[PDB]
$ cat data_21.csv   # CSV, C-alpha atoms and all ligand atoms
chain,number,residue,atom,x,y,z
A,9,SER,CA,10.3,-33.2,9.5
A,10,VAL,CA,10.2,-29.4,10.4
A,11,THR,CA,8.3,-28.6,13.5
A,12,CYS,CA,8.8,-25.3,15.3
A,13,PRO,CA,8.9,-25.0,19.2
A,14,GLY,CA,5.2,-24.0,19.5
A,15,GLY,CA,4.1,-27.1,17.4
A,16,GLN,CA,3.5,-25.4,14.0
A,17,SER,CA,4.8,-27.1,11.0
A,18,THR,CA,6.9,-25.2,8.4
A,19,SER,CA,9.0,-25.8,5.4
A,20,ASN,CA,12.3,-24.4,6.6
A,21,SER,CA,13.9,-23.9,10.1
A,22,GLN,CA,14.6,-20.3,9.1
A,23,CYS,CA,10.8,-19.7,9.3
A,24,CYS,CA,10.4,-20.6,12.9
A,25,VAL,CA,11.4,-17.2,14.5
A,26,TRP,CA,8.7,-15.6,12.4
A,27,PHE,CA,6.0,-17.4,14.5
A,28,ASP,CA,7.2,-15.3,17.5
A,29,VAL,CA,7.3,-12.0,15.8
A,30,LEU,CA,3.8,-12.9,14.4
A,31,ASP,CA,2.5,-13.1,18.0
A,32,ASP,CA,4.3,-10.0,19.1
A,33,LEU,CA,3.0,-7.8,16.1
A,34,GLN,CA,-0.6,-9.1,16.4
A,35,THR,CA,-0.9,-8.6,20.1
A,36,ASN,CA,1.0,-5.3,20.4
A,37,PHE,CA,1.6,-3.4,17.1
A,38,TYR,CA,-1.8,-4.3,15.7
A,39,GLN,CA,-3.5,-4.1,19.1
A,40,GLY,CA,-5.1,-7.4,19.0
A,41,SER,CA,-5.1,-8.1,15.2
A,42,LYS,CA,-7.0,-5.0,14.0
A,43,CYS,CA,-7.1,-3.4,10.6
A,44,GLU,CA,-6.6,0.2,11.6
A,45,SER,CA,-4.0,3.0,11.3
A,46,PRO,CA,-0.9,0.7,12.1
A,47,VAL,CA,-1.7,-1.4,9.0
A,48,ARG,CA,-2.1,1.8,6.8
A,49,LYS,CA,1.1,3.3,8.0
A,50,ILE,CA,3.0,0.1,7.4
A,51,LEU,CA,1.7,-0.1,3.8
A,52,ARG,CA,3.2,3.4,3.2
A,53,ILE,CA,6.5,2.2,4.8
A,54,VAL,CA,6.9,-0.9,2.7
A,55,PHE,CA,6.4,1.3,-0.5
A,56,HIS,CA,8.7,4.1,0.6
A,57,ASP,CA,11.4,1.6,1.8
A,58,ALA,CA,11.3,-0.4,-1.5
A,59,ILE,CA,11.0,2.5,-4.0
A,60,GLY,CA,14.4,3.9,-2.9
A,61,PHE,CA,16.0,1.9,-5.7
A,62,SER,CA,17.1,3.5,-9.0
A,63,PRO,CA,18.9,1.6,-11.8
A,64,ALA,CA,19.4,4.9,-13.7
A,65,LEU,CA,21.4,6.4,-10.7
A,66,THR,CA,23.5,3.2,-10.6
A,67,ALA,CA,24.1,3.5,-14.4
A,68,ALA,CA,25.4,7.0,-13.9
A,69,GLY,CA,28.0,5.8,-11.2
A,70,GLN,CA,25.8,6.9,-8.3
A,71,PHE,CA,24.6,4.8,-5.3
A,72,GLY,CA,21.1,4.0,-6.6
A,73,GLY,CA,19.6,2.7,-3.2
A,74,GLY,CA,19.2,-0.8,-1.8
A,75,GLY,CA,15.4,-1.3,-2.4
A,76,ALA,CA,13.5,-3.2,0.3
A,77,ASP,CA,16.5,-3.2,2.6
A,78,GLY,CA,14.9,-1.7,5.7
A,79,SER,CA,16.9,1.5,5.2
A,80,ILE,CA,13.8,3.6,6.2
A,81,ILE,CA,14.3,2.2,9.8
A,82,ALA,CA,18.1,1.9,9.9
A,83,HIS,CA,18.7,5.5,8.5
A,84,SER,CA,15.4,7.0,9.7
A,85,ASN,CA,17.4,10.0,10.6
A,86,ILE,CA,18.0,10.7,6.9
A,87,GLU,CA,14.9,9.3,5.3
A,88,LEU,CA,12.2,10.6,7.5
A,89,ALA,CA,13.3,14.1,6.6
A,90,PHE,CA,12.2,13.5,3.0
A,91,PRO,CA,8.8,15.4,2.2
A,92,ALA,CA,6.8,12.2,1.4
A,93,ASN,CA,7.9,10.4,4.7
A,94,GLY,CA,6.1,12.6,7.3
A,95,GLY,CA,3.8,11.0,9.9
A,96,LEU,CA,5.7,7.8,10.0
A,97,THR,CA,8.0,8.3,12.9
A,98,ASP,CA,5.9,6.6,15.6
A,99,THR,CA,5.4,3.4,13.5
A,100,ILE,CA,9.1,3.2,12.4
A,101,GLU,CA,10.1,3.3,16.2
A,102,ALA,CA,7.7,0.6,17.1
A,103,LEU,CA,9.1,-1.5,14.2
A,104,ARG,CA,12.7,-0.8,15.2
A,105,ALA,CA,12.1,-2.3,18.7
A,106,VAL,CA,10.4,-5.5,17.3
A,107,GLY,CA,13.3,-6.0,14.9
A,108,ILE,CA,16.0,-5.5,17.6
A,109,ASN,CA,14.1,-7.7,20.1
A,110,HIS,CA,13.7,-10.6,17.7
A,111,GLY,CA,17.0,-10.3,16.0
A,112,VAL,CA,15.4,-10.2,12.5
A,113,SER,CA,16.7,-7.9,9.7
A,114,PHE,CA,14.8,-4.6,9.2
A,115,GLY,CA,14.1,-5.3,5.5
A,116,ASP,CA,12.5,-8.7,6.2
A,117,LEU,CA,10.6,-7.3,9.2
A,118,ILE,CA,8.9,-4.6,7.0
A,119,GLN,CA,7.8,-7.2,4.4
A,120,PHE,CA,6.5,-9.5,7.2
A,121,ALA,CA,4.6,-6.8,9.0
A,122,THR,CA,2.9,-5.9,5.6
A,123,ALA,CA,1.8,-9.5,5.0
A,124,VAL,CA,0.5,-9.9,8.6
A,125,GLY,CA,-1.2,-6.4,8.7
A,126,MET,CA,-3.1,-7.1,5.5
A,127,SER,CA,-4.3,-10.4,6.9
A,128,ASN,CA,-6.3,-8.4,9.6
A,129,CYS,CA,-8.2,-6.6,6.9
A,130,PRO,CA,-11.1,-8.4,5.3
A,131,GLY,CA,-10.8,-9.2,1.6
A,132,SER,CA,-7.0,-9.3,1.5
A,133,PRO,CA,-4.9,-11.9,-0.4
A,134,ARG,CA,-2.3,-13.8,1.5
A,135,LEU,CA,0.9,-12.0,0.4
A,136,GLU,CA,4.1,-13.9,-0.2
A,137,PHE,CA,6.8,-13.7,2.5
A,138,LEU,CA,10.5,-14.4,1.9
A,139,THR,CA,13.3,-14.0,4.5
A,140,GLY,CA,17.0,-13.6,4.3
A,141,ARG,CA,17.5,-10.0,3.2
A,142,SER,CA,20.8,-8.6,4.8
A,143,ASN,CA,20.4,-6.2,7.6
A,144,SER,CA,23.1,-4.0,6.2
A,145,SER,CA,21.9,-0.9,4.3
A,146,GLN,CA,22.9,2.6,3.2
A,147,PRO,CA,20.4,5.6,3.2
A,148,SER,CA,18.2,5.8,0.2
A,149,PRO,CA,19.0,8.7,-2.3
A,150,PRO,CA,16.5,11.6,-2.1
A,151,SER,CA,13.8,12.3,-4.6
A,152,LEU,CA,12.9,8.7,-5.6
A,153,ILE,CA,9.5,8.8,-3.9
A,154,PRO,CA,6.4,9.6,-6.1
A,155,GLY,CA,4.4,12.5,-4.7
A,156,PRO,CA,0.7,13.4,-5.0
A,157,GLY,CA,1.3,16.6,-7.0
A,158,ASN,CA,3.5,14.9,-9.7
A,159,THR,CA,2.2,14.4,-13.3
A,160,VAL,CA,1.3,10.9,-14.5
A,161,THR,CA,4.5,11.1,-16.8
A,162,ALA,CA,6.7,11.7,-13.8
A,163,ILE,CA,5.1,8.9,-11.7
A,164,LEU,CA,5.3,6.5,-14.6
A,165,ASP,CA,8.9,7.3,-15.3
A,166,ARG,CA,10.0,7.0,-11.7
A,167,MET,CA,8.0,3.8,-11.2
A,168,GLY,CA,9.3,2.4,-14.6
A,169,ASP,CA,12.9,3.0,-13.6
A,170,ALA,CA,12.4,1.1,-10.4
A,171,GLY,CA,11.0,-1.7,-12.6
A,172,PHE,CA,7.2,-1.2,-12.9
A,173,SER,CA,5.1,-1.1,-16.0
A,174,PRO,CA,2.1,1.4,-16.1
A,175,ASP,CA,-0.2,-1.6,-15.4
A,176,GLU,CA,1.7,-2.6,-12.3
A,177,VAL,CA,1.5,1.0,-11.0
A,178,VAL,CA,-2.3,0.8,-11.1
A,179,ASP,CA,-2.2,-2.7,-9.5
A,180,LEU,CA,0.0,-1.4,-6.6
A,181,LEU,CA,-2.5,1.4,-6.0
A,182,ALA,CA,-5.1,-1.2,-4.7
A,183,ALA,CA,-3.5,-0.4,-1.3
A,184,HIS,CA,-5.4,2.9,-1.4
A,185,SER,CA,-8.4,0.7,-0.7
A,186,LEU,CA,-7.2,0.6,2.9
A,187,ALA,CA,-6.3,4.3,3.2
A,188,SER,CA,-6.8,7.8,4.4
A,189,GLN,CA,-4.7,11.0,4.6
A,190,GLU,CA,-3.5,12.8,7.7
A,191,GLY,CA,-1.0,15.3,6.4
A,192,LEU,CA,-2.4,16.6,3.1
A,193,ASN,CA,-5.5,18.3,4.8
A,194,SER,CA,-5.2,18.1,8.6
A,195,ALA,CA,-8.7,19.8,9.0
A,196,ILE,CA,-10.1,16.4,7.9
A,197,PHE,CA,-7.7,14.1,9.6
A,198,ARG,CA,-8.0,10.5,8.6
A,199,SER,CA,-10.5,11.2,5.8
A,200,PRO,CA,-10.8,7.9,3.8
A,201,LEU,CA,-9.8,7.5,0.1
A,202,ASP,CA,-12.6,5.0,-0.4
A,203,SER,CA,-15.9,4.2,1.5
A,204,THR,CA,-14.5,1.1,3.0
A,205,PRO,CA,-11.0,2.0,4.6
A,206,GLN,CA,-11.1,-1.4,6.4
A,207,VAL,CA,-12.1,-3.8,3.5
A,208,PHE,CA,-9.6,-4.6,0.7
A,209,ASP,CA,-11.9,-4.2,-2.2
A,210,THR,CA,-12.6,-2.6,-5.6
A,211,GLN,CA,-14.4,0.5,-4.2
A,212,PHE,CA,-11.3,2.7,-4.5
A,213,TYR,CA,-11.1,2.3,-8.3
A,214,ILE,CA,-14.9,2.9,-8.7
A,215,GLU,CA,-15.0,5.9,-6.4
A,216,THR,CA,-12.0,7.8,-7.9
A,217,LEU,CA,-13.8,7.6,-11.3
A,218,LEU,CA,-16.9,9.3,-10.1
A,219,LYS,CA,-17.3,13.0,-10.9
A,220,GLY,CA,-15.7,15.2,-8.2
A,221,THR,CA,-18.6,17.1,-6.7
A,222,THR,CA,-17.8,17.7,-3.1
A,223,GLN,CA,-15.2,19.7,-1.1
A,224,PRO,CA,-14.9,17.6,2.1
A,225,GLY,CA,-13.1,20.2,4.3
A,226,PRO,CA,-13.0,24.0,5.1
A,227,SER,CA,-10.4,24.5,2.3
A,228,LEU,CA,-8.4,22.3,-0.1
A,229,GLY,CA,-5.1,20.8,1.0
A,230,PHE,CA,-2.0,20.0,-0.9
A,231,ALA,CA,-2.8,18.1,-4.1
A,232,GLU,CA,-6.4,17.8,-3.2
A,233,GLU,CA,-9.3,17.5,-5.7
A,234,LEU,CA,-13.1,17.6,-5.4
A,235,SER,CA,-14.4,14.1,-4.3
A,236,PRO,CA,-17.7,12.3,-4.9
A,237,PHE,CA,-19.2,12.6,-1.3
A,238,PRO,CA,-18.8,14.2,2.2
A,239,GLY,CA,-15.9,12.7,4.2
A,240,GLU,CA,-14.0,11.2,1.2
A,241,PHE,CA,-10.6,12.7,0.3
A,242,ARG,CA,-9.4,12.6,-3.4
A,243,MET,CA,-5.7,13.2,-4.1
A,244,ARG,CA,-4.7,14.6,-7.5
A,245,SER,CA,-2.3,11.7,-8.6
A,246,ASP,CA,-5.1,9.2,-8.1
A,247,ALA,CA,-7.7,11.3,-9.9
A,248,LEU,CA,-5.3,11.7,-12.8
A,249,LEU,CA,-4.2,8.0,-13.2
A,250,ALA,CA,-7.9,7.0,-13.2
A,251,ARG,CA,-8.4,9.3,-16.3
A,252,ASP,CA,-5.1,9.3,-18.2
A,253,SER,CA,-5.2,7.2,-21.4
A,254,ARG,CA,-2.0,5.3,-20.3
A,255,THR,CA,-3.5,3.8,-17.2
A,256,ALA,CA,-7.3,4.3,-17.6
A,257,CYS,CA,-8.1,1.0,-19.1
A,258,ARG,CA,-6.3,-1.0,-16.3
A,259,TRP,CA,-8.0,1.2,-13.7
A,260,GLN,CA,-11.4,0.5,-15.2
A,261,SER,CA,-10.7,-3.3,-15.3
A,262,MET,CA,-10.0,-3.2,-11.5
A,263,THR,CA,-13.5,-1.9,-10.7
A,264,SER,CA,-15.6,-5.1,-10.9
A,265,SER,CA,-13.7,-7.9,-9.3
A,266,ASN,CA,-12.2,-8.2,-6.0
A,267,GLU,CA,-10.6,-11.6,-7.0
A,268,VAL,CA,-8.9,-10.1,-10.1
A,269,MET,CA,-7.7,-7.0,-8.1
A,270,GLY,CA,-6.3,-9.2,-5.3
A,271,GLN,CA,-4.2,-11.4,-7.6
A,272,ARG,CA,-2.8,-8.5,-9.5
A,273,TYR,CA,-2.0,-6.7,-6.2
A,274,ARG,CA,-0.2,-9.8,-4.7
A,275,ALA,CA,1.9,-10.3,-7.9
A,276,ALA,CA,2.9,-6.6,-7.9
A,277,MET,CA,3.7,-6.7,-4.2
A,278,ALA,CA,5.9,-9.8,-4.6
A,279,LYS,CA,8.0,-8.0,-7.2
A,280,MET,CA,8.3,-4.9,-5.0
A,281,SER,CA,9.5,-7.0,-2.1
A,282,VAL,CA,12.7,-8.1,-3.7
A,283,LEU,CA,13.8,-4.8,-5.4
A,284,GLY,CA,17.6,-4.7,-4.5
A,285,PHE,CA,17.6,-8.5,-4.0
A,286,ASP,CA,17.7,-11.9,-5.8
A,287,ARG,CA,14.6,-13.7,-4.8
A,288,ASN,CA,16.3,-17.0,-5.5
A,289,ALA,CA,18.7,-16.2,-2.6
A,290,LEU,CA,15.9,-15.8,-0.1
A,291,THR,CA,13.9,-18.5,1.9
A,292,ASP,CA,10.2,-18.8,1.4
A,293,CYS,CA,8.2,-18.6,4.6
A,294,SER,CA,4.8,-17.7,3.1
A,295,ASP,CA,3.1,-20.5,5.1
A,296,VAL,CA,3.7,-18.4,8.2
A,297,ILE,CA,1.2,-15.8,6.9
A,298,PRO,CA,-2.5,-16.4,8.0
A,299,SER,CA,-5.7,-16.0,6.0
A,300,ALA,CA,-7.8,-12.9,6.1
A,301,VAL,CA,-11.6,-13.1,6.6
A,302,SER,CA,-13.3,-13.1,3.2
A,303,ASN,CA,-15.2,-10.2,1.7
A,304,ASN,CA,-18.7,-11.2,0.6
A,305,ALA,CA,-20.0,-7.7,-0.5
A,306,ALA,CA,-20.5,-6.9,-4.1
A,307,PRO,CA,-18.7,-3.9,-5.8
A,308,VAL,CA,-21.3,-1.0,-5.8
A,309,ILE,CA,-21.5,2.6,-7.0
A,310,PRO,CA,-22.6,4.2,-3.6
A,311,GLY,CA,-25.5,6.3,-2.5
A,312,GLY,CA,-27.8,6.6,-5.5
A,313,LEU,CA,-25.2,7.6,-8.1
A,314,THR,CA,-25.3,5.7,-11.4
A,315,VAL,CA,-23.0,4.9,-14.2
A,316,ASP,CA,-23.9,8.3,-15.6
A,317,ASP,CA,-21.8,9.9,-12.8
A,318,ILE,CA,-18.6,7.9,-13.7
A,319,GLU,CA,-16.2,9.7,-16.0
A,320,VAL,CA,-15.5,6.7,-18.3
A,321,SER,CA,-12.0,7.1,-19.5
A,322,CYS,CA,-11.2,3.8,-21.3
A,323,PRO,CA,-12.3,4.4,-24.9
A,324,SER,CA,-12.0,0.8,-25.9
A,325,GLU,CA,-13.8,-1.3,-23.3
A,326,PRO,CA,-17.4,-0.3,-22.0
A,327,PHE,CA,-17.8,0.3,-18.3
A,328,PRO,CA,-18.5,-2.9,-16.2
A,329,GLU,CA,-22.1,-3.4,-15.1
A,330,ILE,CA,-21.8,-2.7,-11.4
A,331,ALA,CA,-24.6,-2.6,-8.8
A,332,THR,CA,-26.1,0.7,-7.7
A,333,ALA,CA,-27.6,1.4,-4.1
A,334,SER,CA,-31.0,2.9,-3.2
A,335,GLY,CA,-29.6,5.4,-0.7
A,336,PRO,CA,-28.8,9.0,-0.1
A,337,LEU,CA,-25.2,10.1,-0.7
A,338,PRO,CA,-22.8,8.9,2.1
A,339,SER,CA,-20.9,11.0,4.6
A,340,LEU,CA,-17.7,9.1,5.5
A,341,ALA,CA,-16.5,8.9,9.1
A,342,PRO,CA,-12.6,9.1,9.6
A,343,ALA,CA,-10.7,5.9,9.1
A,344,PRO,CA,-10.0,4.2,12.5
B,401,LIG,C1,2.5,5.6,-6.8
B,401,LIG,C2,1.8,6.7,-6.3
B,401,LIG,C3,1.5,6.9,-4.9
B,401,LIG,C4,1.3,8.1,-4.4
B,401,LIG,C5,1.5,9.4,-5.2
B,401,LIG,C6,0.8,8.0,-3.1
B,401,LIG,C7,0.5,9.1,-2.3
B,401,LIG,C8,-0.1,9.0,-1.0
B,401,LIG,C9,-0.4,10.1,-0.2
B,401,LIG,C10,-0.3,11.5,-0.5
B,401,LIG,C11,-1.0,9.6,0.9
B,401,LIG,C12,-1.4,10.3,2.2
B,401,LIG,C13,-0.4,10.4,3.3
B,401,LIG,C14,-0.9,11.2,4.5
B,401,LIG,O1,-1.0,12.4,4.4
B,401,LIG,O2,-1.2,10.7,5.5
B,401,LIG,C15,-1.1,8.1,0.7
B,401,LIG,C16,-1.5,7.3,1.6
B,401,LIG,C17,-1.5,5.9,1.6
B,401,LIG,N1,-0.9,5.2,0.5
B,401,LIG,FE1,-0.2,5.9,-1.1
B,401,LIG,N2,0.6,6.7,-2.8
B,401,LIG,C18,1.1,6.0,-3.9
B,401,LIG,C19,1.3,4.6,-3.9
B,401,LIG,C20,1.1,3.8,-2.8
B,401,LIG,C21,1.5,2.4,-2.8
B,401,LIG,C22,2.2,1.7,-3.9
B,401,LIG,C23,1.2,1.9,-1.5
B,401,LIG,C24,1.5,0.7,-0.9
B,401,LIG,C25,1.4,-0.6,-1.5
B,401,LIG,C26,0.5,3.0,-0.9
B,401,LIG,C27,-0.2,2.9,0.3
B,401,LIG,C28,-0.9,3.9,0.9
B,401,LIG,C29,-1.7,3.8,2.2
B,401,LIG,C30,-2.1,2.5,2.8
B,401,LIG,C31,-2.0,5.0,2.6
B,401,LIG,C32,-2.8,5.4,3.8
B,401,LIG,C33,-2.0,5.8,5.1
B,401,LIG,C34,-2.9,6.2,6.3
B,401,LIG,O3,-4.1,6.1,6.2
B,401,LIG,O4,-2.3,6.6,7.3
B,401,LIG,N3,0.5,4.2,-1.6
B,401,LIG,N4,-0.5,7.8,-0.5
B,402,LIG,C1,20.4,-4.3,12.0
B,402,LIG,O1,21.2,-3.1,12.0
B,402,LIG,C2,20.8,-2.1,12.8
B,402,LIG,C3,21.5,-0.8,12.4
B,402,LIG,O2,22.8,-1.1,12.7
B,402,LIG,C4,20.9,-2.6,14.3
B,402,LIG,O3,20.2,-1.6,15.1
B,402,LIG,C5,20.8,-1.2,16.3
B,402,LIG,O4,20.7,-2.2,17.2
B,402,LIG,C6,21.2,-1.9,18.5
B,402,LIG,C7,21.1,-3.1,19.4
B,402,LIG,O5,21.8,-4.3,18.9
B,402,LIG,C8,20.5,-0.7,19.0
B,402,LIG,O6,21.0,-0.2,20.3
B,402,LIG,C9,20.6,0.5,18.0
B,402,LIG,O7,19.8,1.6,18.5
B,402,LIG,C10,20.1,0.0,16.7
B,402,LIG,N1,20.3,1.1,15.7
B,402,LIG,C11,19.4,1.5,14.8
B,402,LIG,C12,19.6,2.7,13.9
B,402,LIG,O8,18.3,1.0,14.8
B,402,LIG,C13,20.1,-3.9,14.5
B,402,LIG,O9,20.4,-4.4,15.7
B,402,LIG,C14,20.6,-4.9,13.4
B,402,LIG,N2,19.8,-6.1,13.6
B,402,LIG,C15,20.3,-7.3,13.5
B,402,LIG,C16,19.4,-8.4,13.7
B,402,LIG,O10,21.5,-7.4,13.2
B,403,CA,CA,15.1,1.2,1.3
B,404,CA,CA,-11.8,-0.3,0.6
B,405,K,K,-6.8,-13.1,-11.9

$ encode --input "data_21.csv" --output "structure tokens"
Amino acid sequence: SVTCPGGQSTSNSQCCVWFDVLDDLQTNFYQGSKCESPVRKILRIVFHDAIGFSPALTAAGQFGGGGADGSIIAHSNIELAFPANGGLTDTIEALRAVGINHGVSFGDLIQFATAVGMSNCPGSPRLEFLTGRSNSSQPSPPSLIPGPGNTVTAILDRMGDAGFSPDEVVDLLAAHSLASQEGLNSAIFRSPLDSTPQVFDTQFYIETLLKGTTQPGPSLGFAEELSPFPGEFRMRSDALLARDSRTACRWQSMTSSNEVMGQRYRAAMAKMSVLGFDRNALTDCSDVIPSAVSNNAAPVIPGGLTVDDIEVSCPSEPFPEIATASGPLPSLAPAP
């Protein structure tokens, strides 16, 4: 039954070219299968590509955007001028070349590169991968990307129009577990959003709940808040969603289990991958995606801080009993 040229076995002949682009991305784009800046950048690109989809604009007789159509690469000239798309240019060019060389659509390539990039980061789930999205796209309308200075109401409305419930917004933010910022405060380039920028874990949800104590750089950048320790950056939207009554209980439930967070994240990502498409018209090639190494560390409140330093914001469920660490407060090095 279906064998691909290099001897691997797959479900459909349409999956076979993806074994070649897998080898190309691991060796080159990811510099030997690493979980560093290329993965983090690609996670911003899959979001910004897919969120340019608005049912409300369509209802008002306007082009609403094509969703995960690869338009961020095909119309990079228009989309990378948007304020939330800076710092992406070099990754988008690298991706353009791989797509053109392999003859795969840009929309599919961005979904594939997200699943494969995440597989290089310890603790990640194996994300679903479907192929068949048309290469044809039109530029996304402006103003459909959530920004770090927006209120929780604005983020929930924009995300809700695209199709996400408040819970799914929180689930989607597990990608900030492999994250840093470059452009909000360039004095502290690549300052991490959690203490493990290379491990897909629960620490991001825990650490954003901790009382902001520290200013990590010479001044505060755009939409920057006080964070819990030296080297960590905290953006305002993340601080607010952690504490807002609409999202706070789901945020709190993401703090004690890497398995729960992983499942919820994979589900939310599978929904985002087909915005603008019919998943029943795509071919499933998830078996091409390899496993990530497992994360064996327990969720912890870092460097001596206790449950008394968490700003518990879910009034109905008590805070999970998480482990504490007998250490001094951490200073975080830049994300690699
Ligand atoms: C819904 C609200 C969201 C907002 C307001 C937001 C905002 C931001 C901002 C301001 C940055 C820093 C960019 C820079 O200066 O370098 C960032 C980084 C990042 N975000 Fe989000 N984000 C959101 C959702 C997401 C989602 C859904 C994903 C993907 C599934 C994502 C993945 C990341 C990653 C991985 C980075 C790190 C990039 C790097 O280290 O270079 N974000 N986000
Ligand atoms: C998907 O469509 C894009 C946009 O038309 C195609 O990209 C162009 O590809 C040619 C080579 O065939 C390059 O010289 C151009 O520079 C590309 N343009 C852009 C904006 O990237 C791409 O080839 C199409 N891919 C497939 C598989 O059809
Ligand atoms: Ca798009
Ligand atoms: Ca992490
Ligand atoms: K679960």

$ residues_near_ligand --input "data_21.csv" --ligand "ligand CA 403 (chain B)" --cutoff "7 Å" --atoms "all atoms listed in the file" --output "ChimeraX atom specification"
/A:57-60,73-80,148

$ closest_residue --input "data_21.csv" --among "A:304, A:324, A:208, A:179" --to "ligand K 405 (chain B)" --atoms "all atoms listed in the file"
A:179

$ atom_distance --input "data_21.csv" --atom1 "atom CA of residue 316 of chain A" --atom2 "atom CA of residue 202 of chain A"
19.2 Å

$ residues_around --input "data_21.csv" --residues "residue 240 of chain A" --least-positions-apart "5" --cutoff "10 Å" --atoms "only C-alpha atoms" --output "PyMOL selection string"
chain A and resi 188-189+196+198-203+215-216+222-225+234-235+338-342

$ atom_distance --input "data_21.csv" --atom1 "atom CA of residue 314 of chain A" --atom2 "atom CA of residue 251 of chain A"
18.0 Å

$ residues_around --input "data_21.csv" --residues "residue 130 of chain A" --least-positions-apart "3" --cutoff "9 Å" --atoms "all atoms listed in the file" --output "list in words"
residues 43, 126, 127, 206, 207, 208, 209, 300, 301, 302 and 303 of chain A

$ residues_near_ligand --input "data_21.csv" --ligand "ligand LIG 401 (chain B)" --cutoff "7 Å" --atoms "all atoms listed in the file" --output "ChimeraX atom specification"
/A:45,48-49,51-52,54-55,95,154-156,163,177,180-181,183-184,186-192,198,243,245

$ closest_residue --input "data_21.csv" --among "A:94, A:147, A:328, A:336" --to "ligand LIG 402 (chain B)" --atoms "all atoms listed in the file"
A:147

$ residues_near_ligand --input "data_21.csv" --ligand "ligand LIG 402 (chain B)" --cutoff "12 Å" --atoms "all atoms listed in the file" --output "VMD selection string"
chain A and resid 25 77 to 87 100 to 117 140 to 147

$ residues_near_ligand --input "data_21.csv" --ligand "ligand K 405 (chain B)" --cutoff "10 Å" --atoms "only C-alpha atoms and all ligand atoms" --output "list in words"
residues 265, 266, 267, 268, 269, 270, 271, 272, 273 and 275 of chain A

$ atom_distance --input "data_21.csv" --atom1 "atom CA of residue 308 of chain A" --atom2 "atom CA of residue 217 of chain A"
12.7 Å

$ closest_residue --input "data_21.csv" --among "A:331, A:296, A:305, A:64" --to "ligand CA 404 (chain B)" --atoms "all atoms listed in the file"
A:305

$ build_atoms --input "data_21.csv" --residues "segment 9-19 of chain A" --atoms "N, CA, C and O atoms" --output "mmCIF file, keeping the file's coordinate frame"
data_model
loop_
_atom_site.group_PDB
_atom_site.id
_atom_site.type_symbol
_atom_site.label_atom_id
_atom_site.label_comp_id
_atom_site.auth_asym_id
_atom_site.auth_seq_id
_atom_site.Cartn_x
_atom_site.Cartn_y
_atom_site.Cartn_z
ATOM 1 N N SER A 9 9.635 -34.269 10.237
ATOM 2 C CA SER A 9 10.300 -33.200 9.500
ATOM 3 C C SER A 9 10.156 -31.866 10.152
ATOM 4 O O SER A 9 9.986 -31.951 11.376
ATOM 5 N N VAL A 10 10.150 -30.639 9.605
ATOM 6 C CA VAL A 10 10.200 -29.400 10.400
ATOM 7 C C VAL A 10 9.033 -28.864 11.226
ATOM 8 O O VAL A 10 8.046 -28.283 10.747
ATOM 9 N N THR A 11 9.230 -29.091 12.514
ATOM 10 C CA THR A 11 8.300 -28.600 13.500
ATOM 11 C C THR A 11 9.075 -27.464 14.269
ATOM 12 O O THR A 11 10.280 -27.568 14.590
ATOM 13 N N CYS A 12 8.325 -26.418 14.562
ATOM 14 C CA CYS A 12 8.800 -25.300 15.300
ATOM 15 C C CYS A 12 8.406 -25.432 16.747
ATOM 16 O O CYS A 12 7.348 -26.023 17.000
ATOM 17 N N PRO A 13 9.164 -24.915 17.729
ATOM 18 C CA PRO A 13 8.900 -25.000 19.200
ATOM 19 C C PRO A 13 7.451 -24.942 19.681
ATOM 20 O O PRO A 13 7.116 -25.678 20.608
ATOM 21 N N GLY A 14 6.584 -24.120 19.081
ATOM 22 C CA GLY A 14 5.200 -24.000 19.500
ATOM 23 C C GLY A 14 4.289 -24.996 18.702
ATOM 24 O O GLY A 14 3.083 -24.755 18.619
ATOM 25 N N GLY A 15 4.858 -26.044 18.078
ATOM 26 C CA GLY A 15 4.100 -27.100 17.400
ATOM 27 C C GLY A 15 3.674 -26.875 15.965
ATOM 28 O O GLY A 15 3.095 -27.764 15.317
ATOM 29 N N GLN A 16 3.970 -25.711 15.407
ATOM 30 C CA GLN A 16 3.500 -25.400 14.000
ATOM 31 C C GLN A 16 4.533 -26.142 13.150
ATOM 32 O O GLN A 16 5.696 -26.379 13.500
ATOM 33 N N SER A 17 4.045 -26.463 11.976
ATOM 34 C CA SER A 17 4.800 -27.100 11.000
ATOM 35 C C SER A 17 5.196 -26.145 9.890
ATOM 36 O O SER A 17 4.302 -25.412 9.418
ATOM 37 N N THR A 18 6.479 -26.087 9.492
ATOM 38 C CA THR A 18 6.900 -25.200 8.400
ATOM 39 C C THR A 18 7.796 -25.883 7.437
ATOM 40 O O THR A 18 8.120 -27.066 7.596
ATOM 41 N N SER A 19 8.169 -25.189 6.363
ATOM 42 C CA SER A 19 9.000 -25.800 5.400
ATOM 43 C C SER A 19 10.513 -25.679 5.667
ATOM 44 O O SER A 19 11.305 -26.568 5.326
#
